Amino acid sequence: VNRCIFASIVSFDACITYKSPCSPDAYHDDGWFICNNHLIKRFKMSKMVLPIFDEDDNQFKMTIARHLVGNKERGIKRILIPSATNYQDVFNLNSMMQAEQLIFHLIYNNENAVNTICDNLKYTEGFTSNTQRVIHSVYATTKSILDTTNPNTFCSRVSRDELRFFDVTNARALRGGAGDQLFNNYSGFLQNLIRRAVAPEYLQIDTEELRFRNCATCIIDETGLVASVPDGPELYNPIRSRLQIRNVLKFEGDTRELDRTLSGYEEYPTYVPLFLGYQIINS
Amino acid sequence: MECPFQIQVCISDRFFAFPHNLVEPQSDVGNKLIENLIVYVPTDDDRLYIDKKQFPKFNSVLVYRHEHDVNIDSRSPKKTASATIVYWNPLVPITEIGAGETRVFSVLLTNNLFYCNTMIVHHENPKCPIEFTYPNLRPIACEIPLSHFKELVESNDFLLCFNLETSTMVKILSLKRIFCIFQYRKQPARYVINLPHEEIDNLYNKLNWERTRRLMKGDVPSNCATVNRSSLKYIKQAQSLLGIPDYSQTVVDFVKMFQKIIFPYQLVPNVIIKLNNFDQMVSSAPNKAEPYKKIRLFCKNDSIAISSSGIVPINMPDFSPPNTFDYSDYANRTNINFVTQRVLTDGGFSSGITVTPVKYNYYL
Ligand SMILES: [Zn+2]
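Residues numbered from 1 in each chain as written, not as in the entry; some residues may be left out. Chains lettered and ligands numbered in written order. Part of a larger assembly, values for the part shown. Heavy atoms only, no water. Residues with missing side-chain atoms left out of burial classes, pairs and counts.

This deposited entry lists cryo-EM as its structure determination method and 4.71 Å as its resolution.

Residue and element names in this part refer to chain B. In the Ramachandran plot, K150 falls in the positive-phi region, its phi being about 70 degrees despite a non-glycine side chain. Considering the arrangement of structural elements, one finds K150 in the loop between β12 (138-139) and α2 (151-154). The backbone of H197 shows a phi angle near 80 degrees, a positive value even though the residue is not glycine. Within the secondary structure layout, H197 lies in the loop between β14 (190-193) and α4 (198-215). The class of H197 is buried, set by a relative accessible area of 17%. (Helix = DSSP H or I, 4+ residues; strand = E, 2+ residues; numbered from the N terminus. Buried < 20%, exposed > 50% of the residue type's maximum accessible area, 1.4 Å probe, protein only.)

Bringing the sheet that holds strand β1 (residues 7-11) of chain B into the picture now. All names here are of chain B. The six strands are arranged β5-β4-β7-β9-β1-β10 in an open sheet whose pairing can be described as parallel. For this open sheet the edge positions go to β5 (60-65) and β10 (117-119), each flanked by a neighbour on one side alone. Strand-to-strand twist in this sheet, taken as the mean axis angle between neighbours without regard to direction, amounts to 20 degrees. Bridge count for β1 against strand β9 (residues 102-106) is five bridges, and the pairing is parallel. Within the sheet, the bridge partner assigned to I11 lies in β9 and is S106. (Pairing = 2+ DSSP bridges. Axes fitted to C-alpha atoms, helices over the stretch in contact; angles between N-to-C directions.)

Bringing the environment of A225(B) into the picture now. Residues and elements named next belong to chain B. Structurally, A225 can be placed in the loop between α4 and α5 (230-241). Accessibility expressed as a relative area gives 62% for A225, which makes it exposed. When the C-alpha atoms of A225 and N208 are compared, they prove to be 8.5 Å apart, with 17 residues separating the residues in sequence.

On the surface, a cluster of negative charge is contributed by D54(A), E55(A), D56(A) and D57(A). Along the chain, the position of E55(A) falls in the loop between β1 (45-53) and β2 (59-67). (Patch = residues over 30% accessible without salt bridge, like charges linked within 9 Å, V, L, I, M, F, W, Y side chains within 5 Å. Areas by Shrake-Rupley, 256 points an atom, 1.4 Å probe, with all protein chains shown as cover. Salt bridge = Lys/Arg side-chain N within 4 Å of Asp/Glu carboxyl O. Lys, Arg positive; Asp, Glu negative; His and termini not counted. Charge placed at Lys NZ, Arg CZ, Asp CG, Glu CD.)

Right, let's talk about the packing of helix α3 (residues 168-184) of chain B against α4(B) for a bit. Residue and element names in this part refer to chain B. Two elements in contact, α3 and α4, have axes separated by 11 Å at closest approach and are oriented at 65 degrees. The orientation of α3 relative to α4 falls into the category roughly perpendicular. Considering the relative orientation of α3 and α4, their crossing is right-handed. Counting all contacts with α3, which are made through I172, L175, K176 and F179, the residues of α4 involved are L203, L207, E210 and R214. Within the contact of α3 with α4, the residues separate by chemical class into five nonpolar, no polar and three charged. (Parallel < 35°, antiparallel > 145°, perpendicular 65-115°, else oblique. Left-handed = near helix turned anticlockwise from the far one by under 90°. Contact = heavy atoms within 4.5 Å. Nonpolar A, V, L, I, M, F, W, Y, C, P; charged D, E, K, R; others polar.)

Here the focus is the sheet that holds strand β15 (residues 296-297) of chain B. All names here are of chain B. The strand order across the open sheet built from three strands is β15-β16-β17, with neighbouring strands paired in antiparallel fashion. Each of the sheet's edge strands pairs with one partner strand only, and the pair in question is β15 and β17 (310-313). In terms of strand pairing, β15 meets strand β16 (residues 304-307) through two bridges, oriented antiparallel. What sits directly across from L297, in β16, is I306.

Here we take up the nonpolar core. All names here are of chain A. Ranked by internal contacts, the top residues of the largest apolar core, which has 20 residues, are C4, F6, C22 and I34. Going through the elements one at a time, α2 (36-43), α4 (98-107), α5 (111-121) and α6 (125-147) are the ones with two or more residues in this core. Apart from residues no more than four positions distant in its own chain, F6 is found in contact with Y18, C22, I34, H38 and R42. (Core = buried A, V, L, I, M, F, W, Y, C linked by side-chain atoms within 4.5 Å.)

As a further point, take the state of the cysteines. One pass over the structure, following the stated rule, counts three disulfides over all chains. What pairs with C3(B) in a disulfide is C116(B), and their sulfur atoms sit 2.0 Å apart. Judged by the torsion about the S-S bond (85 degrees), the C3(B)/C116(B) disulfide is right-handed. Of this pair, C3(B) sits in the segment before β1 while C116(B) sits in the loop between β9 and β10; the two residues are 113 residues apart in sequence, bridging distant segments of the chain. Of the residues examined, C116(B) reaches a relative accessible area of 13% and is grouped as buried. In this model, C128(B) is linked to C224(B) through a disulfide, with the two sulfur atoms separated by 2.0 Å. Because the torsion about its S-S bond is 90 degrees, the bridge between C128(B) and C224(B) counts as right-handed. Given a relative accessible area of 36%, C224(B) falls into the partly exposed group. In chain B, the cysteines engaged in disulfides, taken in order along the sequence, are linked 1-2, 3-6, 4-5. Its sulfur unpaired, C155(A) is 9.8 Å from the next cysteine sulfur, which belongs to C161(B). Judged by relative accessible area, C155(A) falls into the partly exposed class, the value being 32%. (Disulfide = S-S within 2.5 Å.)

Under the criterion given, the structure shown has 21 salt bridges over all chains. Two residues, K47(A) and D25(A), come together in a salt bridge whose shortest N-O distance is 4.0 Å. Placement of the pair is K47(A) in strand β1 and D25(A) in the loop between α1 (5-8) and α2, with a sequence separation of 22 residues. Residue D25(A) is classed as buried on the basis of its relative accessible area, which comes to 17%. Residue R75(B) is joined to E2(B) by a salt bridge in which the shortest nitrogen-to-oxygen separation is 2.2 Å.

Another point: the coordination of the zinc ion. All names here are of chain A. Bound to the zinc ion are the protein donor atoms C4 (SG), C22 (SG), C35 (SG) and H38 (ND1), situated 2.1 to 2.3 Å from the metal. With four donor atoms in place around the zinc ion and angles of 47 to 151 degrees between them, the coordination shape is irregular. Each donor residue of the zinc ion belongs to the same chain, with the gaps between them written as C-x17-C-x12-C-x2-H. One end of the pair, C4, is in the segment before α1; the other, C35, is in the loop between α1 and α2, with 31 residues separating them in the sequence. We note that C4, like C35, is buried. (Donors = N, O, S within 2.8 Å, 3.2 Å for Na, K, Ca; no water. Tetrahedral: all angles 85-135°; square planar, octahedral: opposite > 155°, others 65-115°.)

At the interface, nine residues of chain A touch 11 residues of chain B. Together, the buried faces of chain A and chain B total about 800 Å²; carbon and sulfur atoms form 57% of this surface. Of all residues in chain A, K143(A), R157(A) and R160(A) bury the most surface against chain B, accounting for 44% of the area lost on that side. Between the two partners, chain A and chain B, sit zero salt bridges. At the boundary of chain A with chain B, the tally comes to two residue pairs in polar contact. (Buried area = accessible area lost by both parts, 1.4 Å probe. Polar contact = N/O pair within 3.5 Å; in protein donor to acceptor, adjacent residues only side chain to side chain.)

Every other side chain in a regular strand lies on the same face of the sheet, so the side chains alternate between the two faces. All names here are of chain B. Pairing geometry for strand β11 (residues 130-131) and β14, over two bridges, is parallel. Across the sheet, the residue bridging to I130 is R190, located in β14. Bridge analysis of strand β13 (residues 157-160) against β14 gives four bridges, and the strand direction is parallel. Its bridge partner being in β14, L160 is matched across the sheet by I193. The parallel pair β13 and β14 is bridged by α3, and the resulting crossover is right-handed. (Right-handed = clockwise from strand over helix to strand, strands pointing away.)

As structure tokens, this is what we get:
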């Protein structure tokens, strides 16, 4: 059994076959329906887990992700996700394969263009072939995910009790503003995935309000998600796996064997976590 | 149990909203009016809709969530006339009563309320609503009534939910309220519910008990109700085997369609026969294997009736023990066998043939 959307996608033709497919994580049941491979390849993120204490070592855990964007890029580059306003230009879909573009327009409910292409394809041999069946199976998957819950049960409960304020931690950060109000607008698949991706900075329960970071790592965005600090210069993001200047004015640093002395000491990681506002919970 | 003496039940579906008007200050003998009044509700949430200003008659009004105590539990509740008491849509038996006769105003007859002085002030709502299931939609919170008020006026396509902890009693209550308000509504809106629903079919059976309980004193409404799974799938198969101009077509459609033709053939459609057959209980009833519930079917001015098993004369036990019996000089095994041999020979058939002689009830 496999459930990554990209694993569900199949090539229209033998060439451009989906080699480099979804990893084994596609089989797994995080409920994100996306291989971390494709999360990288399309969004510059890597999923992670936050362990949590049930006031105890007794297991509690929550999914998270790191972004992969470098410190120096601005604008479109920083945009992690688009709106329906701008997804077309962000993706340059015509670069992407027609099935990919199809799927994206389904995600944005551009039914006009979607069915226009469908109507053109109808009598094409490649679409009298079961590609139509493929697409309607992805439609059934969408139904089974969203109409079952995402804009339905999940929207209902999120608008009934345990909302997260996806909101500015401190009102002086007016650049963030009430953009949480825009969370209402997106397709329920996207809203769900966003909620699953991003942690709050806080949780309230009858057991106390818990503060998981001092200061927000992110900001809300005018169209779709954009990696940026709420304040100041962007914090340094390192990156892991041409006629350019690459000066690094390093300290001379003759103190060799540093790690051979220090390696026992804790090797503090650096990758950027994700925090936003307040979750609320009853028991 | 029973209702303790000096308590009365008023049912009204309208009581789904609090009837602020009706209540009057109780007084003891000697006209000792009790303007102190206390009211009890399923939840604190109920209080948020209820307005002190509506009751100038009283100087002192208080409201609390009910909680089922232990130590006062009694067939005869404690008495405290010093304050008027009211319970509104109460769930569970009450251990304490106010001045004079206490009264409760509720939509729903709990079993606790059976052996009770009761009034209903009922009226028929003609408009049966409907469910629908597709697998645009209005997300309706599964409990709060007025959160979506006027949305239930405007739309017809209502999604429903529940939280995991919910008391089944609360579920029933909310569903009842929704159905009442729908029956007040002017068009048959469509239910949609996101639940495993097997327990919902159980709760439907509960509703059946409830409606019968009401009918013990009720308006004998022609209230619509249906088996919701066995029936459901069967009718779906029926439509599928037929042409499907509307997969959404209501059962009652087909029902009436057969109604058009039953009388001219004076005999029972297999659809209706399978109905009252494959219900768990109201049927041939695999609950207890009770085909004995044969239908006697009658129409205006008839001298005769249509049983499950052919025409019958009126008001008699379905078949005479005496008859022009199926005398064994017919249905002699030997003859049957011979005929069968003939038939099988001619057909060249090796297997799958069985025959049985017909039999007759009152009439031939
Ligand atoms: Zn994938």
